[PDB]
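S.K.: Protein chains in written order, with the deposited numbering: chain k, 37 to 133; chain o, 37 to 133; chain s, 35 to 109; chain p, 20 to 102; chain l, 20 to 102; chain n, 30 to 124; chain e, 30 to 124; chain m, 10 to 118; chain q, 10 to 118. Just dropping this structure here.
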DNA sequence: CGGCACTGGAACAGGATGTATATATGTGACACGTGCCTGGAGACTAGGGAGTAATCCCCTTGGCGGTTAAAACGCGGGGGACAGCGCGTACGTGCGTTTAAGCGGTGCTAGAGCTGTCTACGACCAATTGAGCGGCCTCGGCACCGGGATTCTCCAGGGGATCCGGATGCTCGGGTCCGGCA
DNA sequence: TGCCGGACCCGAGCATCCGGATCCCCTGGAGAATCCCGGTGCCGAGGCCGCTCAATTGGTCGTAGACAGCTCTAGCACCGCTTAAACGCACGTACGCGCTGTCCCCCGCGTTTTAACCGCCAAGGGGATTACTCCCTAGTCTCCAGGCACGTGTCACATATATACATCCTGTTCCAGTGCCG
């Protein structure tokens with residue numbers, strides 16, 4: 037047969053890979069487009085320093101992966117390996133958001 | 037047959053009663069005993085405003101109450117009603133503590 | 035009217051004859067497909083299957099009590 | 020002169036009273052001493068800086084205003100004791 | 020110029036990459052849209068305040084130092100962007 | 030006698046009789062209010078201080094304070110506060 | 030004509046060569062270090078300003094920073110920083 | 010020969026002492042110069058928030074038939090108002106208690 | 010005529026510019042006067058913390074076998090020091106990444 | 001009951017693939033030399049913020065008795081936590097496929113950023129006063145107390161329902177009714 | 001006028017229908033806890049008065065910042081490629097999910113204890129206050145030297161690519177339990 041790795045092996049390998057790596061994961065251009073879109077909601081005629089945009093990307097990704105680890109340990113407490121957004125809402129509300 | 041309530045219902049009435057009431061629930065004299073016990077570990081022969089100790093109390097059981105709603109949310113979210121220390125440990129981690 | 039629950043559970047267990055015994059969920063689905071008030075007689079059919087286990091007409095395959103699987107007797 | 024055990028003066032009826040005010044219904048038996056230790060940790064966290072306050076304020080009496088500072092640098096802002 | 024649907028500018032496999040970096044093993048399909056809403060709330064907050072900065076700075080270009088202000092006023096402090 | 034201790038209890042009690050002519054106050058609630066107003070005063074003045082740092086400006090204007098109001102206040106609180114302070118600034122300008 | 034901007038990256042580099050002469054550094058890492066310096070500076074400065082404001086103090090001495098750091102620093106770091114700053118201020122005082 | 014001294018609070022027609030708060034700003038080690046209208050504006054918005062919180066607290070006290078405000082109704086006002094609660098999430102109240110919050114999953118059959 | 014210009018950092022044996030520190034204090038408006046030993050003590054404890062964190066960064070970099078330290082070395086240095094994690098828990102780091110941390114429940118068997 | 005065929009169940013070999021390494025090659029951003037100047041530093045003066053002496057009083061801590069409601073232990077039992085079984089779906093993984101971000105180049109400009117001006121507005125000081133603060137008083141709302149109204153909550157028990165077993169009666173076959181037959 | 005077989009009416013079989021045993025279900029009995037209504041006595045809150053000290057007016061004056069103008073820079077916009085990832089779907093499986101069996105732990109109700117609280121009282125420890133006087137540091141003058149800008153070059157490091165091992169999963173062999181016959 038052609039080989040197929042059993043589920044979880046590949047996922048844990050990418051966990052090791054991206055805990056090893058440091059770089060941004062979302063493509064920068066659609067994120068930038070989203071930044072422009074959100075800033076347009078407040079005021080038109082706005083330009084953007086790129087350093088601001090990468091700062092937003094890094095801060096947002098760090099915020100997300102932090103709450104990912106939080107919901108991860110929450111689902112570990114909840115005896116599951118599959119995350120559901122009820123865990124996310126609980127983490128936000130207990131965290132205070 | 038003597039009167040006896042089923043379990044939890046009196047606890048529910050206690051929950052309601054205590055959620056209306058605002059008073060301190062610990063006997064305060066052991067609380068100053070603890071305050072002076074811990075205080076002499078940093079510097080001995082410190083005197084205390086009673087109002088200082090009351091502020092310490094209000095902050096203390098306020099933090100404990102908020103921790104307790106978080107603990108209850110943890111106990112429910114793992115499909116239960118009874119608290120265990122793993123709720124407390126998870127709450128301490130997700131609170132950044 | 036219909037027969038007592040022993041009749042229904044006996045055809046529930048004898049409908050398929052899987053290699054392992056019929057599970058409680060599968061026999062519940064079989065009685066639902068054939069047509070019976072599983073909603074209200076659930077305690078009734080649980081005590082009935084407990085009775086047929088105690089009579090030795092039916093033998094529990096894997097679990098104990100209502101859990102596990104159930105199959106017909108040896109002969 | 021010294022103090023040795025007042026943490027067991029934290030009565031488990033008081034703990035369960037806070038649990039009911041905290042909304043906890045059913046409580047394990049092992050909860051009490053661990054919450055005692057946790058709140059005790061919180062107590063040293065406050066009173067260490069409170070001791071530092073009274074030392075820098077050059078006093079031997081602890082006042083509620085230093086308590087206000089000690090709660091507030093962790094952002095536990097309590098009203099009615101400042102003044 | 021005019022942009023409409025950058026809600027899906029975050030792709031699902033990007034979220035899966037973040038979740039593997041976030042240590043998540045099994046991901047529901049319901050996760051991505053809820054996380055999209057959460058990140059929208061967070062960016063609306065910080066970018067609204069960044070706009071407040073830049074209009075207070077009377078500029079038509081934002082700076083990353085405004086972003087430094089936007090991260091610091093809840094203590095999400097980031098280093099290396101002109102700070 | 031003792032030294033004078035300044036309080037907002039007179040001013041807040043005036044505001045109280047403006048909005049609720051009927052009700053009384055407790056001293057504990059008033060200490061809560063004073064701790065409140067001093068806290069939020071040093072809050073808003075602190076962010077104004079950082080704005081003075083970031084703008085490299087020696088003199089504090091109302092403009093910086095309205096900006097700091099959009100920093101602190103949640104939403105319609107901020108817009109209404111901006112409106113009320115705007116009218117108060119106008120009639121103060123006309124004395 | 031460019032406006033000279035003050036940064037501590039040369040001081041960070043010399044500190045690094047003090048602790049590790051063999052070790053280099055990236056420019057963004059030096060930006061992180063300067064951000065750290067400014068961050069701890071503003072923390073300790075605001076805290077010292079508040080402690081001056083509490084005890085009606087208008088002159089800041091190293092005693093107040095020693096108090097404020099032993100507040101902000103837990104564990105052995107506070108004791109060691111107090112000791113090292115004590116030697117530095119002491120032999121400065123002799124100087 | 011000096012004219013009659015009005016107060017800056019009277020010039021704004023307001024309750025809070027402009028001179029007191031402006032003095033607080035000047036001796037707060039915040040700036041050497043402070044514009045004239047900024048303490049007036051700050052007193053105005055402090056008046057706004059004070060009247061808002063006091064009005065809601067008085068309404069809450071009227072709900073429980075007491076004409077003297079207590080910290081319990083202060084807690085009820087601050088926590089039932091999401092802008093006020095979000096504004097003061099990190100804020101502790103003495104003898105205010107908590108909002109009565111019962112989980113429906115805790116309720117019996 | 011006049012004495013040799015001699016730096017206060019050298020007098021305190023230090024590296025960080027104590028004159029710049031004291032000037033930024035004066036422009037920081039923290040007090041209307043500042044004692045002489047205060048910016049010295051500030052500078053000194055800053056080299057103390059800087060030496061500690063750069064020691065940790067050097068440990069990480071020699072563990073990561075790279076000569077020039079990078080923000081990943083900074084992250085790996087700081088986040089295994091839990092004492093700094095009480096000190097700097099609310100701090101995010103550009104391109105630092107995260108600690109590799111896989112739980113045993115994720116591990117099979 | 002035993003014994004062997006049948007079946008499950010564990011250990012191991014082995015391959016494929018990612019994981020980790022060794023070295024060859026630009027590389028550009030680290031890294032380090034210099035021009036200058038403007039902030040750092042040396043000295044003088046002011047003059048005052050602050051360190052300490054004295055006080056006193058007052059607020060903090062301890063002690064004594066009593067009491068009582070809180071607290072602590074026994075029982076105990078049921079209900080929730082956990083164990084276990086079984087299943088069905090929803091990603092995991094593993095291919096093809098579309099696109100789209102990205103990189104690199106070009107051309108533009110708004111607008112940030114630096115500098116002269118001036119000018120108006122805030123800081124600082126003499127006069128002063130009136131509003132704000134401290135103490136007291138009086139009171140009226142409010143907390144504790146007492147009694148009944150009310151409403152929830154838990155079990156007792158009769159009714160619905162159902163099922164194994166006797167009753168029963170109609171059905172299913174044989175001594176007695178019934179008529180031809182000797 | 002008795003005799004013998006045919007048919008039927010009487011006994012048997014067995015199904016069948018409830019008789020009573022038993023399990024669940026809905027509503028009332030009971031109990032009690034809790035809200036609502038005054039009564040009482042009380043104690044802090046609001047009002048007032050007297051007294052102070054800082055807001056205020058008035059003036060000056062200097063400098064902070066707003067504007068005018070010039071410059072020049074990264075952002076912005078377009079575009080041409082251009083592979084990395086996005087998408088998408090399809091089988092597969094394993095993990096949530098949900099039901100149930102069991103068990104003992106902790107809510108509830110009691111008895112027993114006990115120390116918290118009141119409250120009453122003294123002692124005295126130190127905080128808080130005014131004042132005095134001076135050490136030091138802000139402000140000013142004049143002068144200099146390392147930091148920033150900038151230039152310049154060059155090795156730590158990514159990438160590439162070819163080897164070498166780890167490991168993950170899965171087929172395969174040895175071996176014990178069960179099932180059905182000897």
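Quick reminder that beta carbons are idealized off the backbone N, C-alpha and C, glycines included.
Starting from residue 54(o), follow the alpha helix (DSSP H) in both directions and report where the run begins and ends.
M.R.: Residue 54(o) sits at position 18 when you count from the first residue of the second chain. Here the alpha helix (DSSP H) through residue 54(o) covers 45-56.
S.K.: Does the contact criterion of 3 or more C-beta pairs under 8 Å hold for the segment 41-59 of chain k versus the segment 87-95 of chain q?
M.R.: no
S.K.: Along the segment 63-79 of chain n, what residues have a CB closer than 7 Å to any CB found in chain p?
M.R.: 63, 64, 65, 67, 68
S.K.: Quick check on the burial criterion: 16 or more other C-beta atoms within 10 angstroms. Buried or exposed for residue 63(e)?
M.R.: On the seventh chain, position 34 is the one that residue 63(e) refers to. It counts as buried.
S.K.: Whose CA, out of 75(k), 90(k), 132(k), lies closest to the CA of residue 59(k)?
M.R.: Taking the first residue of the first chain as 1, we reach residue 59(k) at position 23. When only C-alpha atoms are compared, the closest one is 90(k).
S.K.: Quick one: measure Cβ to Cβ for residue 57(q) and residue 110(e), integer angstroms, because I've assumed they're closer than 8 Å.
M.R.: Along the ninth chain, one-based indexing puts residue 57(q) at 48. Along the seventh chain, one-based indexing puts residue 110(e) at 81. Contact flag correct, Cβ pair sits at about 5 Å.
S.K.: Candidates 37(s), 74(s), 49(s): which alpha carbon is nearest residue 106(s)'s?
M.R.: Working through the third chain from its first residue, we reach residue 106(s) at position 72. Residue 49(s) is the option with its Cα nearest to residue 106(s).
S.K.: Can you give me the start and stop residues for the beta strand (DSSP E) that residue 76(q) sits inside?
M.R.: Against the ninth chain, residue 76(q) aligns to sequence position 67. Note, residue 76(q): premise wrong, no beta strand (DSSP E); not H, not E.
S.K.: If you measure between the beta carbons of residue 71(l) and residue 101(q), is that distance less than 8 Å?
M.R.: What you label residue 71(l) is simply residue 52 of the fifth chain in a count that begins at 1. What you label residue 101(q) is simply residue 92 of the ninth chain in a count that begins at 1. Contact flag unset, no.
S.K.: Would DSSP call residue 43(l) helix, strand or coil?
M.R.: Within the fifth chain, the letter at position 24 stands for residue 43(l). In the three-state DSSP reduction, residue 43(l) falls in the coil class, being neither helix nor strand.
S.K.: Just by C-beta distance, which residues in the segment 23-45 of chain p are closer than 7 Å to chain e?
M.R.: For the segment 23-45 of chain p, no residue has a beta-carbon sitting nearer than 7 Å to a beta-carbon of chain e.
S.K.: For residue 81(s) and residue 36(s), I'd like the C-alpha separation in whole angstroms.
M.R.: The residue given as residue 81(s) occupies position 47 in the third chain. The residue given as residue 36(s) occupies position 2 in the third chain. C-alpha separation (whole angstroms): 18 Å.
S.K.: Using 8 Å as the threshold, is the C-beta distance between residue 96(m) and residue 45(n) below it?
M.R.: Counting from 1 along the eighth chain, the entry for residue 96(m) is found at position 87. Counting from 1 along the sixth chain, the entry for residue 45(n) is found at position 16. No, Cβ-Cβ distance for residue 96(m) and residue 45(n) is not below 8 Å.
S.K.: Assuming contact is defined by CB atoms lying nearer than 8 Å, are residue 30(m) and residue 117(n) in contact in what I supplied?
M.R.: Numbered from 1 along the eighth chain, position 21 holds the residue referred to as residue 30(m). Numbered from 1 along the sixth chain, position 88 holds the residue referred to as residue 117(n). Going by C-beta atoms, residue 30(m) is not nearer than 8 Å to residue 117(n).
S.K.: Report the three-state DSSP secondary structure of residue 115(e) (helix, strand or coil).
M.R.: To locate residue 115(e), count along the seventh chain from 1; it is residue 86. DSSP places residue 115(e) in helix when its eight states are reduced to three.
S.K.: Establish whether the CB of residue 95(q) and some CB of chain e are separated by less than 8 Å.
M.R.: Position 86 of the ninth chain, counted from the start, is the residue given in the question as residue 95(q). Yes, contact with chain e.
S.K.: As a quick exercise: from 105(m), 110(m), 10(m), 22(m), pick the residue whose alpha carbon is nearest that of residue 122(n).
M.R.: As a first step, residue 122(n) is located in the sixth chain; it is residue number 93 there, counting from the start. Taking residue 122(n) as reference, the option from 105(m), 110(m), 10(m), 22(m) with the minimal CA-CA separation is 22(m).
S.K.: Which chain k residues sit within Cβ distance under 8 Å of residue 114(o)?
M.R.: Your numbering for residue 114(o) matches position 78 in the second chain. Ordered by position in chain k, the residues that pass the 8 Å Cβ test against residue 114(o) are 113, 114, 115.
S.K.: Suppose you measure from the CA of residue 86(p) to the CA of residue 23(p); what does that come to, to the nearest Å?
M.R.: Locating residue 86(p) in the fourth chain gives position 67, counting from the first residue. Locating residue 23(p) in the fourth chain gives position 4, counting from the first residue. Looking at the two C-alpha atoms, the distance is approximately 24 Å.
S.K.: If we cut at 8 Å on Cβ distances, does residue 67(p) have a partner in chain o?
M.R.: Numbered from its first residue, the fourth chain carries residue 67(p) at position 48. True, the Cβ-Cβ gap to chain o drops below 8 Å.
S.K.: Could you tell me whether the segment 61-81 of chain p touches the segment 30-37 of chain p, using the rule of 3 or more Cβ pairs below 8 Å?
M.R.: no
S.K.: Run through chain l and tell me which residues come within less than 8 Å of residue 80(q), C-beta to C-beta.
M.R.: Residue numbering aside, residue 80(q) sits at position 71 when the ninth chain is read from its first letter. For a Cβ distance threshold of 8 Å, residue set 99 of chain l lies close to residue 80(q), ordered along the chain.
S.K.: Going by beta-carbon coordinates alone, are residue 52(e) and residue 70(q) separated by less than 8 Å?
M.R.: Within the seventh chain, the letter at position 23 stands for residue 52(e). Within the ninth chain, the letter at position 61 stands for residue 70(q). Yes; because the gap between Cβ atoms is below 8 Å, this pair is in contact.
S.K.: Looking only at its own chain, which residues have a Cβ that is under 7 Å from the Cβ of residue 77(n), when we skip the five neighbours before and after it?
M.R.: Counting from 1 along the sixth chain, the entry for residue 77(n) is found at position 48. Cβ neighbours of residue 77(n) beyond the five flanking positions: 89, 93, 94, 97.
S.K.: Taking a contact to mean a Cβ-Cβ separation below 8 Å, would you say residue 65(s) touches residue 42(s) in this structure?
M.R.: Looking up residue 65(s) in the third chain gives position 31. Looking up residue 42(s) in the third chain gives position 8. Cβ distance < 8 Å, so residue 65(s) and residue 42(s) count as in contact.
S.K.: Out of 16(q), 82(q), 111(q), point me to the one whose CA is closest to residue 104(q)'s CA.
M.R.: For the purposes of this step, residue 104(q) is taken as residue 95 along the ninth chain, with counting starting at 1. Of all alpha-carbon atoms in 16(q), 82(q), 111(q), the one lying nearest the alpha-carbon of residue 104(q) is that of 82(q).
S.K.: Please list the residues of the segment 44-60 of chain o that have a C-beta atom closer than 8 Å to any C-beta atom in chain m, keeping them in chain order.
M.R.: Taken in chain order, the members of the segment 44-60 of chain o whose beta-carbon sits within less than 8 Å of a beta-carbon on chain m are 44, 45, 48, 51, 52, 55, 56, 57, 58, 59.
S.K.: Could you name the residues of chain p that residue 60(n) contacts, counting a contact when the two beta carbons are closer than 9 Å?
M.R.: Within the sixth chain, the letter at position 31 stands for residue 60(n). Within chain p, the residues near residue 60(n) are 98, 99, 100, 101, 102.
S.K.: Does the Cβ of residue 39(n) have 16 or more other Cβ atoms within 10 Å, making it buried, or fewer, making it exposed?
M.R.: Taking the sixth chain and counting its residues from 1, one reaches residue 39(n) at position 10. Looking at its Cβ environment, which holds fewer than 16 other Cβ atoms inside 10 Å, residue 39(n) is exposed.
S.K.: Could you have a look at residue 117(k) and say whether DSSP puts it in helix, strand or coil?
M.R.: Taking the first chain and counting its residues from 1, the one referred to as residue 117(k) is at position 81. Coil, per DSSP.
S.K.: Would residue 30(n) count as contacting chain p if we go by Cβ distances under 8 Å?
M.R.: In the sixth chain, the residue the question calls residue 30(n) occupies position 1. So, not an interface residue.
S.K.: In the DSSP assignment, what residue or residues form a beta bridge with residue 53(n)?
M.R.: The residue labelled residue 53(n) in the question sits at position 24 within the sixth chain. Paired residues: 77(m).
S.K.: If you measure from the beta carbon of residue 43(q) to each beta carbon in chain e, is any gap under 8 Å?
M.R.: Looking up residue 43(q) in the ninth chain gives position 34. With 8 Å as the cut-off, residue 43(q) counts as an interface residue toward chain e.
S.K.: On the DSSP letters alone, give me the boundaries of the beta strand (DSSP E) that residue 67(o) sits inside.
M.R.: One-based indexing of the second chain puts residue 67(o) at position 31. From DSSP, residue 67(o) is part of no beta strand (DSSP E) but of the alpha helix (DSSP H) over 64-75.
S.K.: Going by the DSSP bridge assignment, what does residue 84(k) pair with across the sheet?
M.R.: Residue mapping note: residue 84(k) aligns to position 48 of the first chain, counting from 1. Per DSSP, 81(l).
S.K.: How many angstroms separate the CA atom of residue 119(e) from the CA atom of residue 119(k)?
M.R.: As a first step, residue 119(e) is located in the seventh chain; it is residue number 90 there, counting from the start. As a first step, residue 119(k) is located in the first chain; it is residue number 83 there, counting from the start. Roughly 58 Å between the two C-alpha positions.
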